[PDB]
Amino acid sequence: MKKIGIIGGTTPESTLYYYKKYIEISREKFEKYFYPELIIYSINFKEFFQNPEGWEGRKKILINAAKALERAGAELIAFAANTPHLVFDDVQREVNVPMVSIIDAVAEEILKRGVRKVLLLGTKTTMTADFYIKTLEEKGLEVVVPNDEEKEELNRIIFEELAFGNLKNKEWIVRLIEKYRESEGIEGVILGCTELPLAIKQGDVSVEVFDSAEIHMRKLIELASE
C-alpha cells in the first residue's frame, strides 16, 4: 500500500480532525487493527499564518514539509487544510510525488452523489475564498454562499461555540441550510471547516451533507489502498 503523507500544522485543530477521520474510515473499510501507514508533518502555524513573505514564504514552508514527507517515504501527499490549496499548483511542481487536492476530492463526491448545486458553508474566510468557489464550479457545480450577514453569524458560532464543543445554535445552522434548499434549491451543503461537522450530520437536513475533510481522507485512503 502507498504511504500517505499529510502536511498539517496549518492549524493543528484541523490536522487533529483529519487523524480522527483517518481512524474512523479505517475501522470502517478494513479488517481489525488495520490502519494504512500515514505520516504527518505538522508545521509551526505561527511561521505560516503570519509570514513576512506572504504566500511566497508559505510555499517554501509547504514544499519543505512535502519533501520531508517524501524523504520519510510518503508516496501520496496532501494538505490537511483549505487555504494552503491557494498554491496547490506551485507546490505540486516541486513535489516529486502525486498530491491529492481537497477540491477535487469534494467535487468528485458531490458529482458522484448526483447533486449539482450546493451551499458552501464555513468561516467567513472559507465562504469568500474565490479560488475555492471558482475551482469548484469549473468542475461542473454551482456554489452558493450565504449573505454577508449570515456569514458573520455562522462565523461567530464556529469561533465562539463550536470551537468549544457547544452546539447551542445548531438549529440556527439547520434553518440556514433549509432556507437555501427552498430558496435556491440546493441539493446539498459543503462543510468547509472541521468545526461544522460536529453540528450538522447527514441525517440533519433534507439535503446531502459533505464533510470536506472526511471526503479528503477517504480519497487519500482510497488511493493509498490501491
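One rule holds for the numbers: they count along the sequence shown, beginning at 1.
- 65 to 73 and 168 to 176 differ in mean CA B-factor, and the higher of the two is recorded for 168 to 176.
- For the pair 17 to 25 and 204 to 212, the mean B factor over Cα atoms is greater in 204 to 212.
- The maximum CA B-factor among the listed residues 78, 120, 115, 86, taken from the PDB record, is found at 86.
- Across 97, 129, 105, 111, the entry's maximum B-factor at the CA atom is seen for 129.
- Sort the chain's modelled residues by C-alpha temperature factor and residue 33 lands in the middle third, per the entry.
- In the deposited entry, the Cα temperature factor of residue 224 sits in the middle third of values across the chain's modelled residues.
- In the PDB entry, a CA B factor belonging to the highest third of its chain's modelled residues is recorded for residue 148.
- Ranked against the other modelled residues of its chain, the C-alpha B-factor of residue 39 as given in the entry falls in the lowest third.
- In the PDB entry, residue 193 places in the highest third of its chain by CA B-factor.
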